[PDB]
Amino acid sequence: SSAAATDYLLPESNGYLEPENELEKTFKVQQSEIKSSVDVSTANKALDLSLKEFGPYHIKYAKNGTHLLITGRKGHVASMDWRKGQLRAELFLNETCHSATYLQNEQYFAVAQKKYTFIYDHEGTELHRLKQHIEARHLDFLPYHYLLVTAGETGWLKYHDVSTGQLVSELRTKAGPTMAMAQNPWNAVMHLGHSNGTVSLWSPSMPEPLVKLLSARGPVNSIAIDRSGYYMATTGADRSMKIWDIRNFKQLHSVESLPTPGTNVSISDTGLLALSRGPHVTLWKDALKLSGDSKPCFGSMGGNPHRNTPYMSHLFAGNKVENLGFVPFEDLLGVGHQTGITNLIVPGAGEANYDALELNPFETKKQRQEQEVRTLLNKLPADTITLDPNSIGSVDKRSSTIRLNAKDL
Amino acid sequence: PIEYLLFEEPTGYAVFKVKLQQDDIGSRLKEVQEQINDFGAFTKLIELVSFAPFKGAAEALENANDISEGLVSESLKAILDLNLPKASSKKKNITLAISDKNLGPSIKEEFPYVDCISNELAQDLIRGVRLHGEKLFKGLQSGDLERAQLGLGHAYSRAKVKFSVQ
Amino acid sequence: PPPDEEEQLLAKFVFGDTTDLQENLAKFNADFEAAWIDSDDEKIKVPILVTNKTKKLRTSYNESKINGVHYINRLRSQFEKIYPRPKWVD
Amino acid sequence: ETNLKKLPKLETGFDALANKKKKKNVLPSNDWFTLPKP
Amino acid sequence: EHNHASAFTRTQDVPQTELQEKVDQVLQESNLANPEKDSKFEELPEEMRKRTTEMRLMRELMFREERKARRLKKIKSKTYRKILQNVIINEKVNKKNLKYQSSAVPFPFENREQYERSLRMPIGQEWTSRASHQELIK
Amino acid sequence: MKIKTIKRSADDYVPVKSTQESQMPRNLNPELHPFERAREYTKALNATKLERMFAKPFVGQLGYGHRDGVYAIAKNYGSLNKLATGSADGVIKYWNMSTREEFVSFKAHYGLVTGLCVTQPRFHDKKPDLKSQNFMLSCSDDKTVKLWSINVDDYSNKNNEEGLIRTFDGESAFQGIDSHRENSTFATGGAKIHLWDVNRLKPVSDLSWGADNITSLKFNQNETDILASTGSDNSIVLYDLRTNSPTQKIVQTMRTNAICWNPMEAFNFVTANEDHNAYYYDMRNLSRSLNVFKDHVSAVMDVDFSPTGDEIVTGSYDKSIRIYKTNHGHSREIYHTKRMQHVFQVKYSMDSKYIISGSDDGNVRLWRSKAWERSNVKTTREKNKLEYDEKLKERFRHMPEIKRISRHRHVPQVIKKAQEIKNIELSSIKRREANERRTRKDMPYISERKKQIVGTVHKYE
Amino acid sequence: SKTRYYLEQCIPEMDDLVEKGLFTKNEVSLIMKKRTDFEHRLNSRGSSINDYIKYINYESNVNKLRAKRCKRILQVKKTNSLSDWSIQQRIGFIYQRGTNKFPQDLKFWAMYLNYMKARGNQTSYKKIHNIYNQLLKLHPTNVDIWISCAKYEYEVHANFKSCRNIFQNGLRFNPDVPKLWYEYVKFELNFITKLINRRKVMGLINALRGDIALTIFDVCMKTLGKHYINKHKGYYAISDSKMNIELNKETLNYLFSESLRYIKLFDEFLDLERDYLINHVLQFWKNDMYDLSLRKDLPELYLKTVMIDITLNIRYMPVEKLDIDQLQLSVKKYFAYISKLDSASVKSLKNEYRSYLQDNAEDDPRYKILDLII
RNA sequence: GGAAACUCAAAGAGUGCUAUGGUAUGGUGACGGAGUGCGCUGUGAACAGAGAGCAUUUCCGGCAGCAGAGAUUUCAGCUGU
């Protein structure tokens, strides 16, 4: 009761956009019209970098939205403070880079290069060349566990402890190259998507996948998980988006026959669903729900209110988008594409009320230092990763549920 | 129990109220000996309840001589009678922490319900409030304490030596 | 439940209302018919929903054919919102 | 009763000091021991 | 707890200044314990309507305990007047984290439902309010 | 179309003036804070590891000890830091435990000073000056009880004939002494237990059950007129001083070395005896112990209660002391030292934070009752962190990985080897009694709490 | 953090204030973010008593809006629930926190006392006694707090015993400012005037004198003289007998000017025996002051006291029946003064003539008075 | 190696700042204030008190009429609902 009474103390309110008419649909609202309708600070957050010569840019944001990490396909990796004008690493690693991520900070980032994964400090000096992690295409950091997770063209999934420096786990996927990869933020299990149409949920303890789901036909192009750890959207190459229950492993929605295969999905902190099919980005609101009236449609046939039309859409007319990522605590969607970066003002798309002692967008240098030491001190072991997080206080599922009083012994 | 504390100083008299006792048995330990150097933990021990300032350098010199030769002056009588509760004289006296074992008898001669303590616990409480000084007083005195100290030291010395300017 | 002026004054204080502030910033302002009718458009009658460009100048979802003077006014407002009206003409 | 009303009351300046307001403006904004380096 | 050192009374009850002993020897030449000044003002329809000036005079005149007794007398008088398959979960044992769960049910509980109802709420700063955190950790 | 985005505004989150701290907005959503079991498991594990590295319990020995091993100790129950100790060569000493130095020493007797306690002597001709004199009295095997006064510098009220204000005299030796907590009375055990008061030079009453001698004595702390004593016929006798008579006794298997009464429960006491464990007894029903504290490996020499009544300290003949939570029955903590031999006396200081042990090499040593606990005053952030960590270790107490760390100590080689052969002996007798119970017909299930009483006068119905 | 504690202490009153349907959730979130701003500014570093004062003003404004909205929505004047005292309790606690943090601005202490007194029946006079006790403990030398404390407990509660105790304790602490002496003689005259007027009133419906005021007058002269001779000539007595007699003369001038002010504001107490109560100050000033006020310098002061003793019955209106009764007393006074004085003889004659002419058909009896004093 | 600075970062040391919840406001009409009784302080008595405890239906936090109080708002008692 007292923890739930804090919603009075919550400072800000979430954003939205609402149609106020029946002629005014919401998917036909233009980004210039948003930038005219919203304030100058948000209009200046909606950046656009036109970086033409190196390849399509994989985008990545820090877990508070302060730093941006872009990687060109050719060699151009830049870590920057996108909201000031401060870049702190611009390094041209002339072999084909694939992906990057921050580790626990803007102070270290890991890039997946031609073969080996490299780890660079704040100003861009190379700290580590990982001799394992042979061909990564997907990196993701587990921040409460301090684990860099790596998958790619080899059929192997590798968990590497960044703090000690020690390769925690090597797991045979046994299903060829890893086509997609996402992390459950709830329980830190890794959902990998293979060329079978199979998602598999993995933990660094079990050398077998915790679960194998048959998501799609063909391969699995992209996976996204809600931050509540309840829903998972997977796009296959069979032009099929599929919304999955994670906890009970039901299949909630099956949007089949997309016009072209969805190359990316992302889920915001307030539960929007951003699908990207090449030039097009399309966002649905309240699509991750149980009822059949929340199945994401593309039009409402005759004005049906029980059809989830897109919340907003945008067309990147020149190019094909490389990846999607919502900016964490702001109302923006950063999409990285062939000619650089574009933020989109998506009004419903961010937690307005962060917690400032989990992760703070205004944090200072001293706060970064002490929070780094404290989270390093309370780093969770990699063995505590289970399918449910609340299963490390309990008793065994063997060892009879009644305690025994030695008369019965 | 060291309930109240009397700190004499050139600007006047201060009565502090002891909030938390320091350790008696662990009083020589390292953490107990340097908690009186840290101000953030000394303010957990000592709270200021009263400060009667002097009427000037004349009453300052009078009270400096009375404190020097171990007598209770009239301003001392006033501030102690204002601040200390009317305890019993036969059962559980109120405990005042002084720094002068021959000023104690002059305090019990005037207030029989007051037992006075100046042993090592009262000594390091007293030197804690001496070490911090102007920070404990929360801004309530006129005059910088070291400037009044210079004036009172020169006045006390010339009085004690009978310095004549003729 | 009526309003009140004293109640709304100290409510604007308590809730931190800059509404009169923006009103004063917008207000203060630094103070210190036609020569022809053709009689053919009135009896023409256009379709609307046949091409996607004219599909936007409906005011309902049941409009399918409109009168010519109405249709001319719809695309006059549409021209005015493509090219906004400058100040040199009026 | 009017004489009790007009008896001189005890005067302070304390609650007037509570209700006091101010007329204040705002006015604008080597070592002894170091030998001289020749 | 002894009686507090107040500034409304005398913390010694014997005259402590020359002023105090002078005032008390004059006041014992002519005492002012105000039993006379209690019995003088403990005396005072048309008493309600017509006496609207002597009532205000006695209201201004009466002292502290006199006014307390007058309020009690009016209260007592008025109170006397009135009243083929899509999900394949592996069920292998997690031998690496069966050290993060206890071996049996500990002593004071009788079953794991009771014991996990003990463990079900985190006492952390991050998960409770500040007041609830303090109540849980004292 | 109405439209609204997140307006963060930077005045609420980074402060205007530089002198003040930044705002910390909170949001108590479990979505925002995901790993709520693992995170406080690791905080409880780091708290147990921090306790095992902060466990520095030895404060210091006081003085230079004695010459011949400390066999009697008495705290005074009204002052925090004063302690009287007596050795085998007849010397007694009064100690200021703040400065760790003796107020005075006294060649008290010629034999062993076999008991000493402290008094506020209610004379009815003189008036006791308890703000400058402390009083300790002490009995020995040279048939004397002597009462001494000590000059004490604790108040500075005054400015004196310190030692031996009187000398009580018995015909046989004495073995224990304890003073009543009012009314000028004490009691001395020995060849027979006598009651005395500080005015009369002879015993007021002889309160002996039979003609069997008395080895130890303790008065109750509340309900102050109830005495208890240990006789060398393995007997524990209760006396009442209203009836001026013994009350009830029990005979155990082996000999009770000491008693201490619970200062918070007034009818419970703990006995410390020669089979290597302590027994928590209720005065209203002595037919069963209501706890057994088992972890010692040789004869338990002395026991004492915390003044909070919540834990006991227990020093034994294996050269180690042990602290026990009162509801458990196994040791919460063991203190040992290569220099400490045969701890014969243990007291629990009135702070409930330090533990005084008198060994028999001569030394009296201070210890912390909680080893990881420091004695400075604490700001609210560190006090909140410490009690958060205590609650967290409490609710994760039985996880195997933190239980194996909190359970861990370094015990000496002799105590460890005696412990493991004690384990294999007890496991062997449990195996053999299980076999014998499988065969034979009527083998009664005797409780552990009853397994050590051979009998009881004044039977219970 | 403790701002978190205080902010979530603020939540039950707005639970109740949303349940009673006067505020809505979107406006109570606005008052919580303003209150968050204020609580953070209060218990962070670099804090100010103006932060405390602005928080008190904001809480009083939301209290007034709450009362207005209650009268407009529920049409009651209090909901007799939590949300009509919690906010005044909050203001009282902000005051207590501020006076514990900065106990040095008497403006804030007096705003605390004013709000606590004006809270009315809901406060407690022992709660006002507690903050009077700690304020007088911190500032014993500041004398207007003693006057305000005794004025509250006499001019509101009429507690003569406690008021006498307050004045005696204040005069114990600073027996050096004459203002506390004058307010004590004022209180004693007011108390004896109320005593004799309640005697007159009980007579008209159906021993203890100003000698209290004279005794405190006597110790006022003695201790004010002692403290001025100790204040000036401060460190030592290194001064020859010229400077010692110069000092003693000046303390006589100081003390006698204060007694001149004493009689000047003593005359208006005319309901007791004002003649006796002024004549006793006259006879207390008439005696010797160890440095020859009469037989040497301060002869102007001797002439002033002689003029006062002459007109001490002639303190009258233009109806001069007392003058026609005892102007021969003034003539004998002028004769006895001019029998000894040299220039004070002419000064006292011209001054008594000018005073009687200024103060005094009706001009024909005044022509008799002019012929008398010509 | 050198130079520049209202340049950008990474760290170290010292100093400053009431840096003060030993278990957080006087009060979820479950409440507060007033008074009484018990309790407490300096075996019975009177006296002097403290604000530091505990009840309970003794009244008030209902309405006017009316005069009074301070700076048009709040404050203070009589006759009945």
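So, how was this worked out
Residues numbered from 1 in each chain as written, not as in the entry; some residues may be left out. Chains lettered and ligands numbered in written order. Part of a larger assembly, values for the part shown. Heavy atoms only, no water. Residues with missing side-chain atoms left out of burial classes, pairs and counts. UniProt positions renumbered as here; feature names shortened; annotations may be inferred. Helix = DSSP H or I, 4+ residues; strand = E, 2+ residues; numbered from the N terminus. Rg over C-alpha atoms; globule rule 2.2 N^0.38 Å. Buried < 20%, exposed > 50% of the residue type's maximum accessible area, 1.4 Å probe, protein only. Contact = heavy atoms within 4.5 Å. Areas by Shrake-Rupley, 256 points an atom, 1.4 Å probe, with all protein chains shown as cover. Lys, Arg positive; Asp, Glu negative; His and termini not counted. Charge placed at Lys NZ, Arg CZ, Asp CG, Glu CD. Near = heavy atom within 4 Å. Polar contact = N/O pair within 3.5 Å; in protein donor to acceptor, adjacent residues only side chain to side chain. Axes fitted to C-alpha atoms, helices over the stretch in contact; angles between N-to-C directions. Parallel < 35°, antiparallel > 145°, perpendicular 65-115°, else oblique. Left-handed = near helix turned anticlockwise from the far one by under 90°. Nonpolar A, V, L, I, M, F, W, Y, C, P; charged D, E, K, R; others polar. Pairing = 2+ DSSP bridges. Buried area = accessible area lost by both parts, 1.4 Å probe. Salt bridge = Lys/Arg side-chain N within 4 Å of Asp/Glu carboxyl O. Core = buried A, V, L, I, M, F, W, Y, C linked by side-chain atoms within 4.5 Å. Patch = residues over 30% accessible without salt bridge, like charges linked within 9 Å, V, L, I, M, F, W, Y side chains within 5 Å.

The record for the entry shows the title "Cryo-EM structure of 90S small subunit preribosomes in transition states (State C1)".

Naming follows the PDB entry, where chain A appears as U3 small nucleolar RNA-associated protein 7 of Saccharomyces cerevisiae. Among the UniProt annotations of chain A, the heading Subunit holds the following wording: "Interacts with snoRNA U3. Interacts with MPP10. Component of the ribosomal small subunit (SSU) processome composed of at least 40 protein subunits and snoRNA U3." Taken from UniProt, the Subcellular location comment for chain A reads in full: "Nucleus, Nucleolus".

Engineer: Give a description of the overall build of chain A that names residues and reports values.
Structural biologist: Per the secondary structure count, chain A includes three helices and 29 strands. For 409 residues, the compact-globule estimate of 2.2 N^0.38 gives 22 Å, and the C-alpha radius of gyration of chain A, at 22 Å, lies within 12% of that figure. For chain A, the C-alpha atoms occupy an extent of roughly 75 × 50 × 50 Å along the three principal directions. Expressed as a percentage of its 409 residues, the buried residues of chain A come to 57%. Once local pairs closer than 6 in sequence are excluded, the contacts in chain A between residues at least 24 apart make up 47%. Carbon and sulfur atoms provide 49% of the accessible area of chain A, an area that totals close to 16,600 Å². Here chain A contributes 42 positively and 43 negatively charged side chains, and the mean placements of these two sets differ by 6 Å.

Engineer: Before we move on, can you summarise the protein's contact with RNA strand H with the specific residues and values?
Structural biologist: As a structural note, the neighbourhood of RNA strand H is formed by 65 residues, with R368 of chain A, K44 of chain B, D13 of chain E together with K2 and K101 of chain G the closest of them. At 3.0 Å, a side-chain N or O of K5 of chain D approaches a phosphate oxygen of RNA strand H. Contact between RNA strand H and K77 of chain G: a phosphate oxygen at 3.5 Å from a side-chain N or O atom of the residue. Mapped onto the surface near RNA strand H, the elements with two or more residues apiece are β6 (86-92) and α3 (365-377) of chain A, α2 (39-42) of chain B, α7 (130-137) of chain E, α2 (380-396) of chain F together with α1 (2-9), α5 (86-101) and α7 (125-138) of chain G.

Engineer: Give me the arrangement of the chains: which residues, what numbers.
Structural biologist: Of all 13 pairs of chains in contact, the one with the most contacts involves chains A and F. Without any contact between them, chain C and chain D keep their closest C-alpha atoms 22 Å apart. Looking at chain D next to chain F, you find no contact at all, with the nearest C-alpha pair sitting 19 Å apart.

Engineer: Go over the packing of α7 of chain G against helix α8 (residues 144-155) of chain G, please, and point to the residues and values.
Structural biologist: Residues and elements named next belong to chain G. Two elements in contact, α7 and α8, have axes whose closest approach is 11 Å; the angle formed by their N-to-C orientations is 165 degrees. One finds that α7 runs roughly antiparallel with respect to α8. Of the two elements, α7 crosses α8, and the hand of that crossing is left-handed. Contacts between α7 and α8 involve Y125, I128, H129, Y132, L135 and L136 from the first element and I145, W146, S148, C149, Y152 and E153 from the second. Of the residues that constitute the contact of α7 with α8, the class distribution is nine nonpolar, two polar and one charged.

Engineer: Lay out the sheet that holds strand β21 (residues 278-282) of chain F with the relevant residues and their values.
Structural biologist: Residue and element names in this part refer to chain F. Strand order across the open sheet formed by four strands is β19-β20-β21-β22, with antiparallel pairing between neighbours. Looking at the sheet topology across the chains shown, the edges are occupied by β19 (256-261) and β22 (285-293). For this sheet, the mean inter-axis angle between neighbouring strands, taken without regard to orientation, is 30 degrees.

Engineer: Go over the interface of chain A and chain F with me, naming the residues and quoting the values.
Structural biologist: Facing 58 residues of chain A, the contacting portion of chain F comprises 33 residues. Both sides of the chain A and chain F interface together cover about 4,200 Å² of buried area, and 59% of this is carbon and sulfur. Summed over the three residues of chain A that lose the most area to chain F, namely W186, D355 and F362 of chain A, the buried surface amounts to 13% of that side. If you look at where chain A meets chain F, you find four salt bridges. At the level of elements, β1 (16-18), α1 (31-37) and α3 of chain A are the ones that each hand at least two residues to the side of chain A that touches chain F. A total of three residues in the side of chain A that touches chain F trace back to one element, the largest contributor, which is β1 of chain A. The residue inventory of the side of chain A that touches chain F, partitioned by class, reads 26 nonpolar, 19 polar and 13 charged. By the bridge criterion, three bridges tie β1 of chain A to strand β1 (residues 2-4) of chain F in an arrangement that is antiparallel.

Engineer: I'd like a description of the nonpolar core, backed by residues and values.
Structural biologist: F16, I46, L96, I107 and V114 of chain B together with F167 of chain G are the most contacted members of the largest nonpolar core, which totals 148 residues. Apart from the residues within four sequence positions on either side, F167 of chain G is in contact with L10 of chain D together with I147, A150, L180, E183, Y184 and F187 of chain G.

Engineer: Please give an account of the interface of chain G and chain D that cites residues and values.
Structural biologist: Taken together, the 26 residues of chain G in the interface contact 14 residues of chain D. Where the side of chain G that touches chain D is concerned, the elements lending two or more residues are α6 (106-118), α8 and α10 (178-205) of chain G. Tallied by class, the residues present in the side of chain G that touches chain D amount to eleven nonpolar, five polar and ten charged.

Engineer: Let's hear about the UniProt feature "repeat: WD" in chain A: which residues, and what values?
Structural biologist: Residue and element names in this part refer to chain A. The sites that UniProt annotates as "repeat: WD" are residues 51-92, 173-212, 215-254 and 257-294. Each end of residues 215-254 is marked by a C-alpha atom, and these two atoms are 10 Å apart; helix forms 0% of the span and strand 55%. Counting secondary structure, residues 257-294 comes out at 0% helix and 34% strand; the distance between its end C-alpha atoms is 17 Å.

Engineer: Provide a residue-level description of a nonpolar patch on the surface, including the pertinent values.
Structural biologist: Together, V161, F163 and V165 of chain B together with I238 of chain G make up an exposed nonpolar region whose accessible area comes to about 400 Å². Assignment of secondary structure puts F163 of chain B in the segment after α7 (145-161).

Engineer: Tell me about the packing of α1 of chain G against helix α3 (residues 25-42) of chain G, and name the residues and values.
Structural biologist: Residues and elements named next belong to chain G. At a closest axis distance of 10 Å, the pairing of α1 and α3 adopts a crossing angle of 145 degrees. Our pair here, α1 against α3, has a crossing hand that is right-handed. Contacts between α1 and α3 involve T3, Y6 and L7 from the former and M32, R35, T36, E39 and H40 from the latter. Across the contact of α1 with α3, the residue classes tally to three nonpolar, three polar and two charged.

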